[PDB]
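Coordinate analysis (summary)
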Amino acid sequence: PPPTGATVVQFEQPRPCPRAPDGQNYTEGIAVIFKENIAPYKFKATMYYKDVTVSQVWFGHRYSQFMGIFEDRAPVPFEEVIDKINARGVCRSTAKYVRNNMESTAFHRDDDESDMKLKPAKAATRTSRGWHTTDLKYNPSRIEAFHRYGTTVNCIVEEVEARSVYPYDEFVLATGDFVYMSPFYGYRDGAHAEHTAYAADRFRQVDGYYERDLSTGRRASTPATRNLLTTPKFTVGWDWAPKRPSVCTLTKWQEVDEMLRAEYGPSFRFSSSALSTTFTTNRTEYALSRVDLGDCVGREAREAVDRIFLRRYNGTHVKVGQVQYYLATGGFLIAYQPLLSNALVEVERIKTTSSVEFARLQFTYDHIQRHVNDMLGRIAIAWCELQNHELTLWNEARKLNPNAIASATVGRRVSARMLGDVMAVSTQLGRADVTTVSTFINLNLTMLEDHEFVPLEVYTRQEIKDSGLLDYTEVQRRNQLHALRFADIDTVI
Amino acid sequence: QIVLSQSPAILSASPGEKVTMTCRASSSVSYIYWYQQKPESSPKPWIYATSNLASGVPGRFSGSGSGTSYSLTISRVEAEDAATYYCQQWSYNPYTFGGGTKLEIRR
Amino acid sequence: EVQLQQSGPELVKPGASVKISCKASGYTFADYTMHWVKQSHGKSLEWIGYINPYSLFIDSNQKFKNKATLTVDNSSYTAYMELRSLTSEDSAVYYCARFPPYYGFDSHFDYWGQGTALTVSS
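Residues numbered from 1 in each chain as written, not as in the entry; some residues may be left out. Chains lettered and ligands numbered in written order. Heavy atoms only, no water. Residues with missing side-chain atoms left out of burial classes, pairs and counts.

Turning to helix α5 (residues 402-410) of chain A, a few remarks are in order. Residues and elements named next belong to chain A. Of all the residues in α5, the buried ones are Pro402, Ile405 and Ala406. Looking down the long axis of α5, one finds its buried residues gathered within 95° of arc, a one-sided arrangement. Lining the buried residues of α5 we find α4 (391-397), β24 (414-418) and β25 (422-426). Backbone geometry just downstream of α5 places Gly411 in the positive-phi region, at approximately 135°. (Buried < 20%, exposed > 50% of the residue type's maximum accessible area, 1.4 Å probe, protein only. Helix = DSSP H or I, 4+ residues; strand = E, 2+ residues; numbered from the N terminus. Arc of directions from axis to C-beta. Contact = heavy atoms within 4.5 Å.)

Residues and elements named next belong to chain B. For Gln1, the location among the structural elements is in the segment before β1 (4-7). By relative accessible area, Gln1 is classed as exposed at 70%. Separated by 67 residues in sequence, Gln1 and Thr68 have C-alpha atoms that sit 14 Å apart. Residues contacting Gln1, with those up to four places away along its chain left out, are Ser26, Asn93 and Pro94.

It is worth spelling out the interface of chain C and chain B at this point. Across the boundary between the two partners, chain C contributes 24 residues, which contact 21 residues of chain B. When the buried area of chain C at its contact with chain B is split by residue, C:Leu45, C:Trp47 and C:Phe105 rank highest and sum to 30% of it. At the boundary of chain C and chain B, one finds zero salt bridges. Inspection of the chain C/chain B interface yields twelve residue pairs in polar contact. Of all the secondary structure elements, the ones that give two or more residues to the side of chain C that touches chain B are β4 (33-39), β5 (45-51) and β9 (92-99) of chain C. Grouping the constituent residues of the side of chain C that touches chain B by class yields ten nonpolar, ten polar and four charged. (Buried area = accessible area lost by both parts, 1.4 Å probe. Salt bridge = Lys/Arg side-chain N within 4 Å of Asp/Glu carboxyl O. Polar contact = N/O pair within 3.5 Å; in protein donor to acceptor, adjacent residues only side chain to side chain. Nonpolar A, V, L, I, M, F, W, Y, C, P; charged D, E, K, R; others polar.)

Moving on to the state of the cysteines. Residues and elements named next belong to chain A. With the rule as written, the count across this model stands at four disulfides over all chains. Covalently, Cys91 is tied to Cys155 through a disulfide, its sulfur atoms 2.0 Å apart. One quick way to see it: the torsion about the S-S bond of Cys91 and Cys155 is about 80°, and its sign makes the bridge right-handed. Taken as a pair, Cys91 in strand β5 (residues 90-92) and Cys155 in strand β11 (residues 147-164) lie far apart in primary sequence, 64 residues in all. (Disulfide = S-S within 2.5 Å.)

Across the boundary between the two partners, chain A contributes six residues, which contact eight residues of chain B. Between chain A and chain B the total buried area reaches about 640 Å² when both faces are included, carbon and sulfur atoms providing 51% of it. Its largest share of buried area at the contact with chain B, chain A owes to A:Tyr187, A:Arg188 and A:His192, together 75% of the area lost on that side. Run the count over chain A and chain B and you get zero salt bridges.

A word on the sheet that holds strand β1 (residues 3-6) of chain C. Residue and element names in this part refer to chain C. Taken in spatial order, the four strands make up an open sheet running β1-β3-β8-β7, and their pairing is antiparallel. Here the strands that pair on one side only, and so sit at the sheet edges, are β1 and β7 (68-73). Put simply, the sheet's adjacent strands are angled 20° from each other on average, direction ignored. Of the pairings in the sheet, the one linking β7 to strand β8 (residues 78-83) comprises six bridges and is antiparallel in character. Note on β8: the bridge partner recorded for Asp73 is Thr78. (Pairing = 2+ DSSP bridges. Axes fitted to C-alpha atoms, helices over the stretch in contact; angles between N-to-C directions.)

This part covers the pattern of salt bridges. It is possible for side chains of opposite charge to pair when their charged atoms get near one another. Across all of its chains, the model carries 36 salt bridges over all chains by this definition. Here A:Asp115 makes a salt bridge to A:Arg88, at a shortest N to O gap of 2.9 Å. With A:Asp115 in strand β8 (residues 115-117) and A:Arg88 in helix α1 (residues 78-88), this residue pair connects regions lying 27 residues apart in the sequence. With relative accessibility at 39%, the residue A:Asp115 sits in the partly exposed group. One salt-bridge network, in which partners are shared between bridges, spans C:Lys38, C:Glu46, C:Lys63, C:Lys67, C:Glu89 and C:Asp90.

What follows is about a negative patch on the surface. Taken together, the side chains of A:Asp110, A:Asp111, A:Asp112 and A:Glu113 make up a negatively charged region of the molecular surface. In this fold, A:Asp111 is placed in the loop between β7 (103-107) and β8. (Patch = residues over 30% accessible without salt bridge, like charges linked within 9 Å, V, L, I, M, F, W, Y side chains within 5 Å. Areas by Shrake-Rupley, 256 points an atom, 1.4 Å probe, with all protein chains shown as cover. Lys, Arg positive; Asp, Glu negative; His and termini not counted. Charge placed at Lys NZ, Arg CZ, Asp CG, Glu CD.)

Next up on the list: the side chain of B:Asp81. Residues and elements named next belong to chain B. Structurally, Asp81 can be placed in the loop between β8 (69-74) and β9 (84-89). At 2.5 Å, the side chain of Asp81 forms a polar contact with the side chain of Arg60. In this structure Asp81 touches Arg60, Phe61, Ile74, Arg76 and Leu103, once residues within four positions along its chain are discounted.

Set out below in C-alpha cells:
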C-alpha cells in the first residue's frame, strides 16, 4: 500500500497487423479425362464349317447299339464360301478336308454330291443368327448281325461376335475358338506387318465383296474388303478395317465443363466441383507420341471441347491456345483447353487405378482447408485491429485510476502514478450477494465430437465371385474327380 | 504411289556366271513379283510370291527378300535370258511396276 | 489353252475416243478379274484398273480417272476399255491381263494379251 517514484512502465504500442493472404489464381478451362482401356475390341465375324459325323451301329436281334460316334468339324473351302454360300445361299453336301495329314472326303447320306439349301436354324433366346442344311442324323439301315457305318454332313454358317485384346495379335469367337491371327492382318495397305500363325495359303482377301444375306437373299449395296481364313476346324470371314482408326488404348471417362487449374509448385492441380475430384499433374505436358495406339484421344478431346464451348462458354469466354495434355497421378490423362473471359482481354501404356477416392479426399480436404484458413485469418486480422484500437481507452483510463490500470497490466497489485508514463512500485456488514449485472459478452463454443467410421462395402469380394452362374475352376475340379469317385483307376483285368 | 527402284538399269553377263538384280520399295510390301519381257512381245509371269517360280521358267532363276528389299538371281546365265525384268507390287493402290533391269549377254 | 485375243492396231485423231477389246478363251471368264496396263515407247508398265465380270466391281488408277472406263460384254466373253479425250501422251501399247478375283500369295498376272498399238496422230 505505498506511494511511487523510481520504477517506471510504458504501454506496448500498436502491433503490425497480419495482411489478408494473397489468394489463389485459378485458370478456368474445359477438360476431358481419359482412362486405361480395359474393354476388348469387338467385331462381327462369320463362321463357315461342316459338322461331319460318322456312326457305327451294331444290329442285334431285338436291338441296335452305337459302337461309336465320331464327330468332327470341317472347314468349307474358299471357293465354296464365294461361289456357293455367298452366291446362291447353297452348300455342297460333301466335306473334303485335311485332318490328320490326310485328305478325307465325307459324303452326306453316303450319296452323291448335291447342292443343298441353307435354311435358318431353330430359334434360341439370346443367340445370334445361324443357318444349316440338315436337321436329322443319318444312320445306316438294319441288316442283322453286322456292323454298319453311316455319314451325316451338316453345313453350318453362323454369325458370331469376335473379341480381341491388346496387342491385337489374336482374337476369339463366341464359340470359344482362338484364332491366332490379328484382326487387322492382310496383304493390302501395309497390313502384313501384323501377326499371323498360319501358312499363307490359308488366308485370302476379296475386294469388292458384296454380302448376300442368307435369310432375305438381298445383296448388299456397299462393297467391303473381306478377310477369309481357313483354320483346320472352320473358315472365318470378317470385314477388314485398318488398325489405328479402330483401336485406342485409352478410353474417355469424364467430360467436365468447369475445370480449374492451379499452380502447386512443381505441379499443376486440376479441380472439378461437379465431380468433386482434384488431380495432380506435372507442369510439363504429356506427349501423345508416347501413347501406344492413341489416335482416339485428340479426336475425342477436340469433339468434346468445342461442343462444350458452344453450349456453355460461347459469348462469355474465349479459348487460349490449343488443347493441352497432362498425365495425372493414378493414371488419368487430362486433355485441357484453357479459357479466358471477355472482360479480361488485355511408347508406353498408362495404367489407371481402380479407385478415384484419393482425388475426392483431396477435393474435400482442400475445400474445407481453404474455408477454415480464410475465416480464421479474418479473425486474426480483426483481433489485432481490436487490441490496437482499445489502447485509446487504456490511455484515458490510466489517467483516472492509475492503481487499477497498472494492477491489471503488470500482473500484481501495484500502486501507481504518472508523469508521462506510469511510475509504479509493488504493494452492518455482510452483503456478499447484491444484485449482479454482467459487463461481459457471452460466447459458447463447443467441440466437434469424435466420430468412428466403420468398414462398409456394398458388395464384398465373395459376393462378386459367386455372382456368375458357372465357376470354371469349380466345374473342372468336380469333373476331373469323376474317375476317382465312380471308377477304379488302379486294378487291371 | 509405291516407287520400285530397280538396279542396275543395265546388266552385262557373260554366259555361265551368276548375276543378281535388286528391287527396293519405298515402303514395306507383302510380296514382290517378277515379269520378263522380250522386245515386241507381251510380258510373261516369271516369279510370284517373292520366291515361287512360274509355269515353265527354268530352275536357275530364284528370288528372295522381304519388306522393302528384294532380289532376283540366276545361277548360270544363258543366252536366252536376255530380257527386261520388271518387279511389281499390288499391296497399295495403284499397282506399280519397277523401271526395269535389262540383261545384256557378253559373247 | 488360255488365250487372250486383243483388238489390234488403231490410228486415231486427237480428241476422239477409242474402244479396245480383249477376248478370252480357254477358261471360264466370270471368275477372273481383267486388268489393263499401259506401256509407252521405251518406258515401263503403268497400271490402269480392273473389272470383275461377275460383280461389275471396278477398281482403277486415279491417274486414269478421266481417261479410262471399263465394261464387260458377258455374252461374247470380252472386256472393253474406252479411252476418252485422246491427247498425244496416249500413244502406247495396251495389254489385257488375267488375275484372280481375290488377293493371296498366288495372285499374279498369269496370262497376257498380245497387245494393241495405239497411235494418236494425224
